[PDB]
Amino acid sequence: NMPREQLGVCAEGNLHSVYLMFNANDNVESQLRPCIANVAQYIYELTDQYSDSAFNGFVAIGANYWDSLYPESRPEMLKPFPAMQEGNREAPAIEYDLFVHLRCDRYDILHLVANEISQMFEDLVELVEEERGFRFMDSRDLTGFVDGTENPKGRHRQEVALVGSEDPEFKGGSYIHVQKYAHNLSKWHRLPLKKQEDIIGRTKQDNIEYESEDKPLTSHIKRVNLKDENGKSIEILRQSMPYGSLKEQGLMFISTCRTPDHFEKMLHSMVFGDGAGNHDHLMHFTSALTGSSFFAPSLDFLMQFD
């Protein structure tokens, strides 16, 4: 298995993270492609340098810019963010050329690395968005509920997240989708505890999954636990973290997967619901401000250039 996946795609959780969205200047693709190689490599190398603080990271590339940078070849299923909307439940698409996802248990080291990576890009791209993620309590979303529990574990993570020999040229790569969710915390926190629990489908403190028969059809976990046309579970590996500040704060939702339709099917099920009009009531409490599709290739793919 010659291609090497970037280490931050499947990494276990961290106390802190940085999210950097760049858009490229006109006609710079000849110069960026090798510069992206250096950055990808550096990010990999930093895993070992900063092992002490579990550093890890990845560089991913926007769906709408792939063909300016990599015109000769393409991931089989790559496409733009799947915009959708019903009522107040809006999932907009806002694409960026490049995404740099950085993680560590030390914040000072991410500040340093970010500064460094920014200098690596020279005057070839513009920084468009920057946000900083943080672990909240014992891996909780700012809603006060534990986020992460039913994620793939150990080697299953690789199985779920990484492209394999279905697409030989891009094996080691992952399909990435990012939604910046701005929570309405004042509205949420006026809910009685039982309502909160009924919206997620788990108890808050102890984080105990409801029994099947007890899960409401409008609950987050009922809506995003799907099975394929053959009964098999349809999974993703999420890497999301709380983010923001008083002005604006919520979840930086990140999906990683060997196929892009897993996230889409889940999102459809959340916005549009089950078919008897049972949608995801969690969506009454937060708003997705962005929606971006990327591909994060293997290191080896990124490096074959200049």
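All residue numbers refer to positions in the sequence shown, first residue = 1.
Participant: According to the PDB entry, is the CA B factor of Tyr96 in the bottom, middle or top third of its chain, that is, lowest, middle or highest?
Facilitator: Middle third.
Participant: Can you work out whether the C-alpha temperature factor of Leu282 puts it in the lowest, middle or highest third of the chain?
Facilitator: It belongs to the lowest third of the chain when residues are ordered by C-alpha B-factor.
Participant: Sorting the chain's CA B-factors, does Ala24 end up in the lowest, middle or highest third?
Facilitator: Tercile = lowest for this residue's CA B-factor.
Participant: Looking at the temperature factor on the CA atom of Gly164, which third of the chain's modelled residues does it land in?
Facilitator: Bottom third by C-alpha B-factor.
Participant: Pull the Cα B-factor of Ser53 out of the PDB entry and bin it into the chain's lowest, middle or highest third.
Facilitator: It falls in the middle third of the chain.
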